[PDB]
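# Secondary and tertiary structure notes
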Amino acid sequence: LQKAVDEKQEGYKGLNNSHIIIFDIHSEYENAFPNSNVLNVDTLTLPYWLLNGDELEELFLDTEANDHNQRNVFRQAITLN
Amino acid sequence: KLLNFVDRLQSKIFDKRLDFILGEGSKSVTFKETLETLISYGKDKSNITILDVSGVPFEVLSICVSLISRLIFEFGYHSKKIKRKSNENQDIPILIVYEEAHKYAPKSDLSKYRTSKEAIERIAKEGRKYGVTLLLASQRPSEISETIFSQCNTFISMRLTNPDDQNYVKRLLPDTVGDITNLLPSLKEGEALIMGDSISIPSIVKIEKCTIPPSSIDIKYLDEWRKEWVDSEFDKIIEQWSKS
Amino acid sequence: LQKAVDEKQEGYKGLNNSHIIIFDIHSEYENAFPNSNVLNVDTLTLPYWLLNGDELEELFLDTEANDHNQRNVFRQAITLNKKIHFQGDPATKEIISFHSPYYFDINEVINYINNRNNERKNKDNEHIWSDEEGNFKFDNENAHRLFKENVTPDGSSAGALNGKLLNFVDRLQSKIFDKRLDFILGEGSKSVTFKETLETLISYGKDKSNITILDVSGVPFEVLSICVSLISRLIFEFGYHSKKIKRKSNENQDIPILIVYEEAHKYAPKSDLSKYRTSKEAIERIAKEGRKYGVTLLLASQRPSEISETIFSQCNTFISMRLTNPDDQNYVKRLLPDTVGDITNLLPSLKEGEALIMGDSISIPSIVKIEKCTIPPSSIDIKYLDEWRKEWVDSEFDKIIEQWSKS
Amino acid sequence: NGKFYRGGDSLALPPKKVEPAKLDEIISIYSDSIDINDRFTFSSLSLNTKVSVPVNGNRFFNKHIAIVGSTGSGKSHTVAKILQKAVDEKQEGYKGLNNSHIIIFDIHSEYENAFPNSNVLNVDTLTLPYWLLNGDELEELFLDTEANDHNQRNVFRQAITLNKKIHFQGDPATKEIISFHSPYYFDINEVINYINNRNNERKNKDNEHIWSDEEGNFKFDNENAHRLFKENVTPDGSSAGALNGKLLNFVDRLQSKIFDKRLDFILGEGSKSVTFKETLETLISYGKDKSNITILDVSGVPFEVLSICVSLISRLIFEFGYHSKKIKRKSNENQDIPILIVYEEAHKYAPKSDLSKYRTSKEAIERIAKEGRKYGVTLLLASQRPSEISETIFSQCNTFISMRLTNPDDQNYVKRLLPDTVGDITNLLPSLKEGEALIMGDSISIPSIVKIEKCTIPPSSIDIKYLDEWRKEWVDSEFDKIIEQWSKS
Amino acid sequence: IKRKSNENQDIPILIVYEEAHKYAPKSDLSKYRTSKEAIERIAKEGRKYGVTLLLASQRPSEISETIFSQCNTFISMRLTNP
DNA sequence: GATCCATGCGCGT
DNA sequence: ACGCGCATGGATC
Ligand SMILES: Nc1ncnc2c1ncn2[C@@H]1O[C@H](COP(=O)(O)OP(=O)(O)NP(=O)(O)O)[C@@H](O)[C@H]1O
Ligand SMILES: [Mg+2]
């Protein structure tokens, strides 16, 4: 990823067109790329409403109980909203 | 009939761990500003966007990986809609790096990891033509599913020591090297093996040393265990826990 | 753990900064570490109000029998009693929920259900009550006055929940009044401070020790999953809130904690049964995220087959002794990060005290002999033939039975 | 210098002259690995008769013993021969029986002949009180409903815990700590009387149940709940109680099992007059007739009564030792007693199958398999197939006496437990005739095929001469004697 | 009955099970269970009670191994399957 | 297929 | 009108 960034088309000066997303758990790629953008839990703002039906179910509902009555009002509340 | 459900949700909305997904800032944020944040197109442009998911709880870790992977993919899916209409030469290609890809994409059709399974597998199957490609970096290849691992064509096989890991890799490798069974666990530091369309033949390579290396802030357990029994530190922990 | 607490730098004498908490169920490490805080059933005073809503429905409640009316009055009593006893800002007061871990009086919760067991309403069908201050509507503003026992209902006709909680109350009086749950429901558990609970677990109280044995041998089985999960959550959020002040303080002052789970397959089984789901989730929480926050597992289990695949995979150093069960060997060899020559028959043939260590903390996977423990966990192996060889001794059955009687 | 040290790692530089080993050297192989006072010899080598093979008798018994082999191979004679040498294993200085304590679960009436001076306890004379149960088996016995019985479950423990407090005749300090699992005497007929009373509850407007007995009306609370144990009470209330008409089927299932005379040994009238002290003197033989050998006849009883009989005794002998350690742990003396439990044909109650009818007997022998080494309660597993016993119990035995095995899976089960250095001794397993066996484990120096010593006093398990009994007359079997004992059984 | 008279078992009974795969097979379904354990009890503990079995079957690999292990006497006709 | 619980309807004190 | 007792029925195991 460092090599894929520092190569340019030599006709300019500045950032190139590379676009990289890293899902690091060990919190280690800040020291690799100091001039990058880091999105930890404090600064990242992911919208809950951009989740689909399956991601909204896992975020809120429980699979172990699996009670049919809990799920139905959640669809009626969210789809109407 | 809905008090535990109303109680279960309220515990998630006011959870300080889920502030990044259920806080008041998530309500006021816009759909456009999220995508500037995800590929660094906001006030500060950057080629690398690091998603530090260390603080993300593991129950919602598969949810947020799936949400971001879906948002990047249909960013590239609708990118082609302009290119067939305006016929412009420019393009926005995106590469996603999934460190520890075995947990995001396991070999299980379980509910708890299904959401992050299909988001990665959609990118691995359709994202070639939309400019959304993935890089898989896992220490355990044998838990990555075959229907996503085989969609990769370039394979950088480093030193692999678990015999269950060697047999999974050797089956899905596009080409073979002489005595690959002994070569893989005997690779030194930085020694790799690359095959696929990008390379000509499978060659044992030596990756260049990182001048600015990726280092993690790991708690040196033995180093702090040599020190004095800390006394003032304990009273600072509880009072912030009490206040937050 | 003996060489962890004896490993010091050349600047002092006494105790170092090692913090080890052992979940001992077979009662083995009291003699192993004689300079430690062994916490028994009677010694432990674990507060019931630090549980979330999942453990509260596993400590007092049971399986559902279309008893949502009885379940709702239980949750609405606790989630209201948590608000009244809260002495903070009103902004935090509204976010208080059933799963939120603040103090509530369990005896006042009984009195709320006891009053709701006999409620009377007027024609307007409003639950009207009588107290020493005056007659008051039953509503969310005045429902906190039902926690007192000396309240008399006043109404023309019987209320909605009148006589519908009689079988709810006596089950609860079988719990706080049960003497096998004294640690998690006793009067000391009411008056224990949240700070006092954490300094007991990590041994930060008056008697400070590097190693804390959590003797859970006498803890009952149906409650053991609640207490393992509660302590594991409390230790993890201690380490979680360690790092939240570490960013602000920006100083090298850390409290690293290592948790030893013996018979770790019991609290973390691979089966999806609802009995051990609380303790599995707390151990998995530290297995996945505890590396960042300074809380580290030590999974020790004599039968590693039922340890869950996700939790056991987070381990990076493996100390494999002799394993006779083939199901254990196929489990171990598959998730073992490295391998050695002729390892299939090596696992049964490992000697007494001989270990195979591999990981990323040791470069060469080596077969080692663990240095003999000079302060042992006492060898519990009764010499048998020579003790049979002697005379027929008169076993004192009276004191054996009377200790059996009190259990 | 006549002392044998194990280990093949010693290198002999060639050439070294070779002689056949002398007699005393052949003794030295199987003897010097054990100290002089820990030798427990009960067998000889098959290749050489004049050598004896002693095992580490201290290590032979504390680590569990598993004896397996095909039918008729000689397991029962070898099990008996181990115990006869264990009883005779006395120290010098005294005449009388020694401190051996062996309990045999005998299911074919064999060990009566092998041990004549022994105590034999069949079901009809064995009295195992129902109040000795620790709540876990108090639930599985009486309750036939498993899932949604929370009110029926609650009234069951509340009656028993309150009735255990009543029959307490001592100081009130240990009256309080009586619980549902605490082993105190309670009367089962009063417990039914309480539950049948609670099925006839009546309450007033205040929702508090009021009763009426021969002394007067009383409120039902904690102190006056003891007065529902008598039948001669009448309810005085305007409305039906909280449990009115909900315990009718509960009493029916509870009564039908007390009067079930398969469970007459546990739920009979003899459990009233038999105390905690007399039961432990019965199962261990510390009573008037003190014996090293205890035999229980569960031969032709049905499975369910056999399953409770195995599960009760195995835990109650363990929980004897589970509470025999903490008295020694708090006093620090050496006067313990070691107990060995012989499980003949453990497939009948501790198999590899995961059925729920095999559940409560597996854990009782599981708990002796791992934690029983800590409290002096050891187990001796006899079975026909090694692969039919559960691996949680059967792999915990560190001493193996294997007879003839012809099954490939049974041969494979011995094979992978053993290493490959001495794994070639398994190939002589199906060629083993009556008598000889292989002893392996930590109690012996080398695994070897050995010839078990013949029982001079054998168990009553003589092989039937099938052909010699067929050459005779058509004998007239007295069918009335067999049938009228079949019907009584 | 004879043990009370201190005698051995008088009459011996042999039960011939022709084509035991129909009722005591290798398979572990519930419909074969109650006929399986009926012949297990003769194979396991029937030696000392005078009740022995004769197992006639078309293949050694379809009969349950637990009955088949206790059969010490083995007769084998032509067997084409390896 | 129990248990446990809610809700409705008709009736006497 | 409030109450108690009898139903029919629902959910969950
Ligand atoms: N050491 C021995 N020497 C000679 N014969 C022996 C010896 N041990 C056993 N036998 C013979 O074995 C037969 C009885 O076998 P037994 O001791 O009942 O083995 P078993 O495996 O327990 N039978 P089973 O219960 O069906 O498995 C008799 O014919 C004995 O003579
Ligand atoms: Mg036998």
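Structure determination for this PDB entry is given in the record as cryo-EM, at a resolution of 2.92 Å.

### Re the sheet that holds strand 9 (residues 295-300) of chain C
Through backbone hydrogen bonds, the strands of a sheet pair up, either in parallel or in antiparallel fashion. All names here are of chain C. Read from one edge of the open sheet, four strands run 7-1-8-9, paired in parallel fashion. The strands lining the two open edges of the sheet, one partner per strand, are strand 7 (211-215) and strand 9. Along the sheet, successive strands turn relative to each other by an average axial angle of 20°, direction set aside. Here strand 1 (residues 20-24) runs beside strand 7; their pairing, made up of five bridges, is parallel.

### A short note on the interface of chain A and chain B
One frequent convention defines the size of an interface as the accessible area lost when the parts assemble. With 52 residues of chain A at the contact, the number on the chain B side is 72 residues. When chain A packs against chain B, the two sides together hide about 6,100 Å² of surface, and 61% of this comes from carbon and sulfur. Sorting the residues of chain A by area buried against chain B places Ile21, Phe23 and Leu46 of chain A first, and these three jointly supply 15% of that buried surface. With its nearest N and O atoms 3.1 Å apart, the salt bridge here joins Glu208 of chain B to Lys3 of chain A. In this assembly, chain A and chain B are joined by 37 residue pairs in polar contact. Those elements giving two or more residues to the side of chain A that touches chain B turn out to be helix 1 (2-6), strand 1 (20-24), strand 2 (37-38), helix 2 (53-60) and helix 3 (68-80) of chain A. Here strand 1 of chain A pairs with strand 1 (residues 48-52) of chain B via five bridges, running parallel. Pairing of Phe23 of chain A across the sheet is with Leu51 of chain B, part of strand 1 of chain B.

### What to know about the nonpolar core
Within the largest apolar cluster, 102 residues are counted, with the highest numbers of intra-cluster contacts made by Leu59, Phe74, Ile184, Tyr261 and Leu299 of chain C. Among the elements that take part in this core, helix 10 (residues 221-249) of chain C stands out by supplying 13 residues, more than any other. Not counting the four nearest positions on each side in its chain, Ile184 of chain C is found in contact with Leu46, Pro47, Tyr48, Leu51, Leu59, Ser189, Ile226 and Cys227 of chain C. In terms of nonpolar packing, the next biggest core, distinct from the first, is built from 100 residues, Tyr194, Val251, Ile284 and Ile389 of chain D among them.

### Section: the site of ligand 1
Within the structure, ligand 1 sits among 18 residues, and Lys75, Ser76 and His77 of chain D together with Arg47 and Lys48 of chain E are positioned closest to it. Surrounding ligand 1 are residues belonging to chains D and E, so the site spans chains. Within the backbone of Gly72 of chain D, a nitrogen or oxygen atom sits 3.3 Å from a nitrogen atom of ligand 1. Take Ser76 of chain D: an N or O atom from its side chain is 2.5 Å from an oxygen atom of ligand 1. Here ligand 1 loses 90% of its free accessible area of 630 Å² to cover by the protein chains.

### Some points on the packing of helix 4 (residues 31-38) of chain B against helix 5 (residues 58-77) of chain B
Residues and elements named next belong to chain B. Following both chains from N to C, one finds helix 4 and helix 5 inclined at 95°, their axes separated by 11 Å at the closest point. The angle between the axes of helix 4 and helix 5 places the two elements in the roughly perpendicular class. Judged by residue contacts, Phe31, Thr34, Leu35 and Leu38 of helix 4 engage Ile68, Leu71, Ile72 and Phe75 from helix 5. Of the residues in the contact of helix 4 with helix 5, the class split is seven nonpolar, one polar and no charged.

### Here we look at the pairing of strand 10 (residues 317-320) of chain C
Residue and element names in this part refer to chain C. Here strand 10 shows one buried face, formed by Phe318 and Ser320, and one open face, formed by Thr317 and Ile319. Here strand 10 runs beside strand 11 (residues 354-359); their pairing, made up of four bridges, is antiparallel. Within strand 11, the position partnered with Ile319 by the bridge is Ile357.

### Examining the sheet that holds strand 13 (residues 377-383) of chain D
Residue and element names in this part refer to chain D. Strand order in the open sheet formed by 11 strands is 2-1-16-15-14-3-13-12-4-11-5, with mixed pairing between adjacent strands. Unpaired on one side and paired on the other, strand 2 (52-56) and strand 5 (119-122) mark the two borders of the sheet. Taken pair by pair, the neighbouring strands of this sheet meet at an average axis angle of 30°, ignoring direction. Here strand 14 (residues 397-402) runs beside strand 15 (residues 436-441); their pairing, made up of four bridges, is antiparallel. If you follow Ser402 over to strand 15, its bridge partner there is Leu438.

### Here's the deal with unusual backbone geometry
Of note, the amide linkage connecting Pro14 of chain D to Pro15 of chain D takes the cis form, showing an omega dihedral of -5°. Within the secondary structure, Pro15 of chain D sits in the segment before helix 1 (23-29). The phi dihedral of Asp179 of chain B falls on the positive side, at around 55°, and the residue is not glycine. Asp179 of chain B sits in the exposed class, given a relative accessible area of 59%. The phi dihedral of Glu263 of chain C falls on the positive side, at around 55°, and the residue is not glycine.

### As for the pattern of salt bridges
Considering all chains together, one arrives at 84 salt bridges over all chains under this definition. Salt-bridge contacts for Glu469 of chain D lead to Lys472 of chain D; the nearest nitrogen and oxygen are separated by 3.0 Å. By relative accessible area, which is 47% here, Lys472 of chain D ends up partly exposed. One salt-bridge network, held together by shared partners, links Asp7 of chain B together with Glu57, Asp62, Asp67, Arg71, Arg75 and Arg171 of chain C.

Conventions adopted
Residues numbered from 1 in each chain as written, not as in the entry; some residues may be left out. Chains lettered and ligands numbered in written order. Part of a larger assembly, values for the part shown. Heavy atoms only, no water. Pairing = 2+ DSSP bridges. Helix = DSSP H or I, 4+ residues; strand = E, 2+ residues; numbered from the N terminus. Axes fitted to C-alpha atoms, helices over the stretch in contact; angles between N-to-C directions. Contact = heavy atoms within 4.5 Å. Buried area = accessible area lost by both parts, 1.4 Å probe. Salt bridge = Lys/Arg side-chain N within 4 Å of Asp/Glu carboxyl O. Polar contact = N/O pair within 3.5 Å; in protein donor to acceptor, adjacent residues only side chain to side chain. Core = buried A, V, L, I, M, F, W, Y, C linked by side-chain atoms within 4.5 Å. Buried < 20%, exposed > 50% of the residue type's maximum accessible area, 1.4 Å probe, protein only. Near = heavy atom within 4 Å. Areas by Shrake-Rupley, 256 points an atom, 1.4 Å probe, with all protein chains shown as cover. Parallel < 35°, antiparallel > 145°, perpendicular 65-115°, else oblique. Nonpolar A, V, L, I, M, F, W, Y, C, P; charged D, E, K, R; others polar.

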